[PDB]
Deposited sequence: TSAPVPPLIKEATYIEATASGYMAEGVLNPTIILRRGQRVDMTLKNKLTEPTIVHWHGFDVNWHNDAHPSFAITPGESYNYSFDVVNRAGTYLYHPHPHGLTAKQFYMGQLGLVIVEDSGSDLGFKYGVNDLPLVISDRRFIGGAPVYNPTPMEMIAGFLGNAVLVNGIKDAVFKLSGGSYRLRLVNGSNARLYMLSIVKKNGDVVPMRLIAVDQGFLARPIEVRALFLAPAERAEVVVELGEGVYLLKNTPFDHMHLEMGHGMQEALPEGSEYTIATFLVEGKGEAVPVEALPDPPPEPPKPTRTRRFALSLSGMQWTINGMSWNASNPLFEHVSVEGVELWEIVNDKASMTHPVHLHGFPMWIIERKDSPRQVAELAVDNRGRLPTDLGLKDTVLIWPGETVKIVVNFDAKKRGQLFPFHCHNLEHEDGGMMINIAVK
């Protein structure tokens, strides 16, 4: 049996940012396991020929540990992180965040996973055996070599490759014994969107029980047939695989654009060869329910538009000359109406420093509304605590954010996680007052 997953490291002391990815204590892009409540002390050394900085995607830390892109260190310098892990048990990321340089550093290998473990958060699964992170990325190979050469048009729409990888393996295969499997689905692409489905060889769709998203577990498992996974989103599902052949596929949908491997076309991401009797892992009781959203006291609207050549949020974009520019000043519990233009495309928007409760999807496309599970158009992934939510053209997504006074005087980026859009400047500072 073979299950290719990233290697493990228990805590990280020393990470080198290299052109081929993160070299943490000698291993390349390992999954860092942290216990909730523990102290993290990690030192980043820049081994690149350009600035960089590590962002702990989805972590509840102050902006010095975020780290804000203005703290990017030059080639040869170092940056010391020191913070407490207060995030719920979930699957998080660590990736570069220097402005205008993030996409290529990310695309060329600087990406790793962080797993926060809480009391009984494993649910009886074991990493690399039946707890399998599946980081789905896409690269453009030219002469069998991954290349990142976006055109001006690709810098507006996003850089899409011609082949899809799982944990850096093209046409990945998993040889497993029959049993219960916890798959941590992670979109590690620059811009590519997936509609993930698991089907039998004959075509029967295998149901997936969604148990966790970006910021931890749901209240209870939710059965899904397919789920959209936008860049930097996380979705932990449990599947029951008996002896047979299973395909993790991208099911056909409408990529509302404006390609070698069309985004909304059907193709196989990974193949599962299941043979023999393995272990059954009972799953029903989830360890910690997500907290109830707080009552917002202010409504704030956000407009996502393409202003000529520059993606904008409320007509604003990143100010490269003054990275500390305070685009939006916030305070307390706010309700954000994020509204995407019809003359736009999909935006996986992401907010640093603070998790988000998803409240409502209105004017969603038919393919999305067909997957909702409540009277507010919320997808199964919306029913958990999130930090990266996908917004479709013409769609409005309402979220609730609690800007605590504990982080006042700090800046937190709010940007689209389409790395071409972010590098292009679709990023603003959220200043906590």
## Note on the structure
Gaps vs the deposited sequence (1-based, no CA atoms) are 259-265
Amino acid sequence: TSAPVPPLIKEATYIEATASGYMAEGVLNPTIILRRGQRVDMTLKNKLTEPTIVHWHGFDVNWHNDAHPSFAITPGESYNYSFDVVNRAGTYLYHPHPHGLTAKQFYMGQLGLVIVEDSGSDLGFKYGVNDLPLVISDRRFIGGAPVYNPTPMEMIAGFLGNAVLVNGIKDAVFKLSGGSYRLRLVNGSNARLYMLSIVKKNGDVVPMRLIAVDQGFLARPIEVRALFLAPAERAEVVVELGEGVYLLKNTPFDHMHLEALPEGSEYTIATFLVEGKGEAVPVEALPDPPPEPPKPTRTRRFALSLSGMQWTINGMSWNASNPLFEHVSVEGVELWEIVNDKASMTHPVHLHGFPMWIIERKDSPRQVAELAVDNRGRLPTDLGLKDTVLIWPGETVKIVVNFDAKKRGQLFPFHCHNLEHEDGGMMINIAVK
From here on, numbers count along this sequence of modelled residues.
### 304-312 set against 226-234, stretch whose average Cα temperature factor tops the other in the entry
304-312
### Query
Which wins on mean Cα temperature factor, 146-154 or 286-294?
286-294
### Of the residues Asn250, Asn187, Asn202, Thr102, the one carrying the largest Cα B-factor as recorded
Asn202
### Summary
Entry record, C-alpha B-factors for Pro133, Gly90, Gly276, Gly112; the maximum is at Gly276
### Cα B factor band for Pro4 (lowest, middle or highest third within the chain)
highest
### Query
Sorting the chain's CA B-factors, does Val116 end up in the lowest, middle or highest third?
middle
#### Entry: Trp56 - which third its CA temperature factor falls in, relative to the rest of the chain
lowest
### Task
Within this chain's modelled residues, let me know which third the CA B factor of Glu266 belongs to: lowest, middle or highest.
lowest
### Query
Would the CA B-factor of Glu25 place it in the lowest, middle or highest third of its chain?
highest
